[PDB]
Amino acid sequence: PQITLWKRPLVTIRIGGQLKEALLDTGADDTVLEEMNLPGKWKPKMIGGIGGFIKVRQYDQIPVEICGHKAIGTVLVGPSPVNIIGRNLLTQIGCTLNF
């Protein structure tokens, strides 16, 4: 589809079979999720943006479906106010910026 930027580009994703709302974020290298209790091994990581760094848990090879387009890769879980879909998964769904 085509997603306009008049409002935050929030879309429904499925991860762990849960449905969530998440921000399509061309400025994010990573995919960062609101705290959720995913099973599996993880590695600690620190990621940064405006305001500083937060501690997150890195889970690998997690399926994430984005408006019906399937992806699989790394998701970082921790105390973010918003679920963010970053470039690692936006590339997998063939997302471009256009103007």
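Residues carry their position along the shown sequence, with the first being 1.
Enquirer: So which stretch wins on mean C-alpha B-factor, 40-48 or 26-34?
Expert: Comparing 40-48 with 26-34, the higher mean C-alpha B-factor belongs to 40-48.
Enquirer: If you average the Cα B factors in the entry, which is higher, 75-83 or 12-20?
Expert: According to the PDB entry, the answer is 12-20.
Enquirer: Classify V56 as lowest, middle or highest third according to the C-alpha B-factor given in the PDB entry, relative to its own chain.
Expert: Lowest third - that is where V56 ends up once the chain's C-alpha B-factors are sorted.
Enquirer: Would you check the entry's CA temperature factor for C95 and let me know if it's in the chain's lowest, middle or highest third?
Expert: It belongs to the middle third of the chain when residues are ordered by C-alpha B-factor.
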